[PDB]
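Fold and geometry: a report
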Amino acid sequence: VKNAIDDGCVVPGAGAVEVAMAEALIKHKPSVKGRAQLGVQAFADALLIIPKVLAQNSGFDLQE
Amino acid sequence: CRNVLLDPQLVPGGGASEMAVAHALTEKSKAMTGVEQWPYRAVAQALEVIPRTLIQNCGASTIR
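In short, a report on the structure. (Residues numbered from 1 in each chain as written, not as in the entry; some residues may be left out. Chains lettered and ligands numbered in written order. Part of a larger assembly, values for the part shown. Heavy atoms only, no water.)

Thoughts on the overall build of chain B
- Scanning chain B from N- to C-terminus turns up four helices and zero strands.
- For chain B, the sequential pattern of α-helices and β-strands runs α-α-α-α.
- Taken against the 2.2 N^0.38 rule, which gives 11 Å for 64 residues, the C-alpha radius of gyration of chain B at 15 Å runs more than 25% over that of a compact globule.
- Projecting the C-alpha coordinates of chain B onto the three principal axes gives extents of approximately 40 × 35 × 15 Å.
- Burial analysis of chain B (64 residues in total) assigns 16% to the buried set.
- The contacts of chain B with a sequence gap of at least 6 include a subset with a gap of at least 24, amounting to 40%.
- Entry remark: accessible area of chain B is about 5,000 Å², with carbon and sulfur atoms responsible for 63%. (Helix = DSSP H or I, 4+ residues; strand = E, 2+ residues; numbered from the N terminus. Rg over C-alpha atoms; globule rule 2.2 N^0.38 Å. Buried < 20%, exposed > 50% of the residue type's maximum accessible area, 1.4 Å probe, protein only. Contact = heavy atoms within 4.5 Å. Areas by Shrake-Rupley, 256 points an atom, 1.4 Å probe, with all protein chains shown as cover.)

Focus: the side chain of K52 of chain A
- For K52 of chain A, the position within the fold is in helix 4 (residues 49-57).
- Here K52 of chain A is in contact with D45, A46 and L62 of chain A, once residues within four sequence places are set aside.

Some words on unusual backbone geometry
- Not every positive phi belongs to a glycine, and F60 of chain A is a case in point at roughly 60°.
- Topologically, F60 of chain A is positioned in the segment after helix 4.
- Backbone geometry places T33 of chain B, a non-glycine residue, at a positive phi of 45°.
- The residue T33 of chain B is located in the loop between helix 2 (15-32) and helix 3 (37-47) in this model.
- We classify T33 of chain B as exposed; its relative accessible area is 52%.

Structure, rendered in structure tokens:
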């Protein structure tokens, strides 16, 4: 919370910003070998662990 | 047809009868408050099969 009052910038939690990445990472932007297109895809898929682990821990599905 | 001939009373499918009788059995548990209240809560537990069966067959979360 000291990182709250030191920061005039604040990032909204509960997976608000990650879907703003994984989707807005929409591919062929790293089209070259697709390895980045896969690597960004790989990276895109680790973004949602907070939306995952919770719907995991909490009700329903980390996926559904 | 013979079933409609036998009793021509169409019943709502699914857990409609299940959780109904369950309460009425546990309500009968609340009422009778004997030993067999526990068998009711044991038997009324059997009714939930169709919800569980269907929640399985739909692939949803049963506990909600």
